[PDB]
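S.K.: Sequence, then structure. It's an experimental one.
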Amino acid sequence: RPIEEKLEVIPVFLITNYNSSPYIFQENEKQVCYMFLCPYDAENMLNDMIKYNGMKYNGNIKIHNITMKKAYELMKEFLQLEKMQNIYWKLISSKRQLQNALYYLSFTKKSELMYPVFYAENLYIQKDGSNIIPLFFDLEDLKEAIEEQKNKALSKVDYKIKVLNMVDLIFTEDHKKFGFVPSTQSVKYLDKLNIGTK
């Protein structure tokens, strides 16, 4: 499976009108749209829009879901048209996970903290058909997978939790050894968007 397919299972959230078109904001001096890896960060921005401009936004905004695949196609397609006005698609990591990740970075190592994903040293999962290392967007999902492993271990094992930059993983000379595990909350949230439609 290509990486474009590995990113497909990762939900991304935008705030849109009812036609599902994103709201553009002027970030001196480009046209910027916001894409959230965490749906509650998106809900927060929607809430701020209602709060500070209810006249313009009430009854006219919703959360819309795409995937990291589509999001990658967007960020990438941007750099191209840039050579040959254009919207800058800004990806926003989970606010809560960025905080969680700081713990695992040293003072000067946390400077470049970008798009955190978490993994454990001695933890694996079986993909098709070999075994790979699980890469979690949510720390709490990782810790949950560790406890499942320890509760059934035959030996005492250390699970050194480490943080990686999701971006660097896209371009590894060999990422076949990794599997992405989306935030279980992000995925669960997709049920709300589609169960809460007309």
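M.R.: Great, that's in hand. Numbers count the residues shown, from 1 in each chain.
S.K.: and the residue most central in space within the chain, what are its phi and psi?
M.R.: The centroid of the chain falls nearest to residue 37 when counting by C-alpha atoms, centre = their mean (3.3 Å). Dihedral pair for residue 37: phi -80, psi -20, per degrees, to the nearest 10.
S.K.: right, and residue 94 touches residue 138 too?
M.R.: Yes: Residue 94 is within contact range of residue 138, at 7.3 Å (criterion: C-beta atoms under 8 Å). To be clear about C-beta, it is placed using only N, CA and C from the backbone, and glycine gets the same treatment.
S.K.: intersection of neighbour lists for those two?
M.R.: The contact sets of residue 94 and residue 138 overlap at residue 183 (C-beta atoms under 8 Å, 6 or more residues apart in numbering).
S.K.: buried residues in stretch 61-69?
M.R.: By 16 or more other C-beta atoms under 10 Å, the buried positions in stretch 61-69 come out as 61, 63-69.
S.K.: Nearest to residue 108 among these?
M.R.: residue 68 (28.5 Å; C-beta to C-beta).
S.K.: Can you give me every residue that contacts the residue nearest to the centre of the chain?
M.R.: Counting by C-beta under 8 Å, 6+ apart, the residues that residue 37 touches are 10-13, 68, 91-94, 97, 115, 137, 183, 186.
S.K.: Now render the residues you listed as JSON lines, adding distance to residue 158 and secondary structure.
M.R.: Formatted as JSON lines, the contacts of residue 37 follow (distance: C-beta to C-beta, whole Å; DSSP: H, G, I helix; E, B strand; the rest coil):
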{"residue": "10", "distance to residue 158": "28", "secondary structure": "coil"}
{"residue": "11", "distance to residue 158": "32", "secondary structure": "strand"}
{"residue": "12", "distance to residue 158": "34", "secondary structure": "strand"}
{"residue": "13", "distance to residue 158": "35", "secondary structure": "strand"}
{"residue": "68", "distance to residue 158": "31", "secondary structure": "helix"}
{"residue": "91", "distance to residue 158": "33", "secondary structure": "strand"}
{"residue": "92", "distance to residue 158": "33", "secondary structure": "strand"}
{"residue": "93", "distance to residue 158": "27", "secondary structure": "coil"}
{"residue": "94", "distance to residue 158": "26", "secondary structure": "coil"}
{"residue": "97", "distance to residue 158": "22", "secondary structure": "helix"}
{"residue": "115", "distance to residue 158": "26", "secondary structure": "coil"}
{"residue": "137", "distance to residue 158": "23", "secondary structure": "coil"}
{"residue": "183", "distance to residue 158": "25", "secondary structure": "coil"}
{"residue": "186", "distance to residue 158": "29", "secondary structure": "helix"}
